[PDB]
Amino acid sequence: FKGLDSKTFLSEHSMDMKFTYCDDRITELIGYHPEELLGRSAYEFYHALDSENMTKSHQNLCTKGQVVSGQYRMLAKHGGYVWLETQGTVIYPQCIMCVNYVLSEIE
Amino acid sequence: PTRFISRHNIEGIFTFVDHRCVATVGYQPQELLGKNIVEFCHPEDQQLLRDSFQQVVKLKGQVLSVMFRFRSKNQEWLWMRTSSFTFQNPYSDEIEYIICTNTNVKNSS
Ligand SMILES: O=[N+]([O-])c1c(Nc2cccc(F)c2)ccc2nonc12
């Protein structure tokens, strides 16, 4: 069983969703080292079945300034996916600041 | 734009600091963690900063931005624009904390 703090990680993105920062909690959860995400679009990591929903969430984030993503699956480093939800906020546009919380174990 | 992320409790104490702080304000994360952000704030701006932290928790997750002068590791006053918002994991009733993006900006126009 994991505490609340331990299932959350912060990330920062340019407006095209490319990672510009990720906190190290992601390693313990999903396997990635932050340095290996940098410059990659978050879209590369969404499950195919969530791509249209996440495109819509990104559009809402950019037009409203904030969004809660709803549940989606992020591809884990060593295979499989984790369920997540993300609260996104645009910093003014300068960048996107995401609070990502894991909803499941790796599947 | 040089910027770094920090997390604070409601009182203003740094509880997480992104390593980009070194390039932005010259301190290591370990020199900021456990200290209040107001301890680095110009005396003219300290109350504005306190009041901003007090209000952001009432704004339902909207961003509140504040400009203030931050004392760099060189003991020089840098203009910072801090954009803050509260977060609480919706599956819990944990007390909100504050997430900040801190950017060195110009005071000019
Ligand atoms: O813009 N974004 O970068 C963004 C997200 N990024 C993200 C952050 C962490 C993991 C992940 F798979 C994706 C995740 C959910 C989002 N909903 O709107 N934008 C989002």
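Other protein chain C-beta atoms within 10 Å of residue C-beta, averaged over A:81-91: 3. For region B:2-109, the relative contact order works out to 29 percent when only alpha carbon pairs closer than 8 Å and six or more residues apart are counted.
Kindly state, to the nearest 0.05, the FRET efficiency for B:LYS35 paired with A:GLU52, given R0 = 45 Å and r defined as their beta-carbon distance. For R0 = 45 Å, the calculated efficiency reads 0.50. Cross-link reach is defined here as a Cα-Cα straight distance under 19 Å, omitting same-chain residues fewer than 8 places apart; for B:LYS60 the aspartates and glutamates meeting it are A:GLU85, B:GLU11, B:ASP51, B:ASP93, B:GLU94, B:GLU96.
Taking the C-alpha atoms only, the angle from helix B:46-56 to the longest principal axis of chain B is near 30 degrees.
As a calculated quantity, the FRET efficiency between B:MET67 and B:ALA23 at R0 = 22 Å, using C-beta atoms, amounts to about 0.65.
Checking the cross-link filter: which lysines have an alpha carbon closer than 20 Å to that of A:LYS7, excluding same-chain neighbours under 8 positions apart? Partners within reach: A:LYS77. Here the extension length gained between B:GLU76 and B:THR15 equals 19.6 nm, from 0.36 nm per residue of separation less the Cα-Cα distance. List the GluC sites (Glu not before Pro) within region B:9-109 that fall in a DSSP loop (any state other than H, G, I, E or B) and whose Cβ has at most 13 other Cβ atoms within 10 Å. Sparse-neighbourhood loop GluC sites (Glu not before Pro): B:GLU11, B:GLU44, B:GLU76, B:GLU94. Which of the trypsin sites (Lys or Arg not before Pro) found in region B:31-109 are loop residues per DSSP with 16 or fewer other Cβ atoms within 10 Å of their Cβ? Here the sparse-neighbourhood loop sites are B:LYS35, B:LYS58, B:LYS60, B:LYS73, B:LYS106. Applying the criteria of a DSSP loop state and at most 10 other Cβ atoms within 10 Å to the trypsin sites (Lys or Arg not before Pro) of region A:40-85 yields no site. Using just its DSSP H runs of length 4 or more, each adding -39500 (n - 2.57), chain B gives a mean residue ellipticity at 222 nm of -4000 deg cm²/dmol after division by all residues. Taken along the Cα-to-beta-carbon direction at a fixed 7 Å, the label points for A:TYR43 and A:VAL68 span 2.6 nm.
Here Cβ is always computed from backbone atoms with ideal geometry, including for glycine, and neighbour counts include all displayed protein chains. Only the coordinates and a few stated rules stand behind these numbers; no lab work does.
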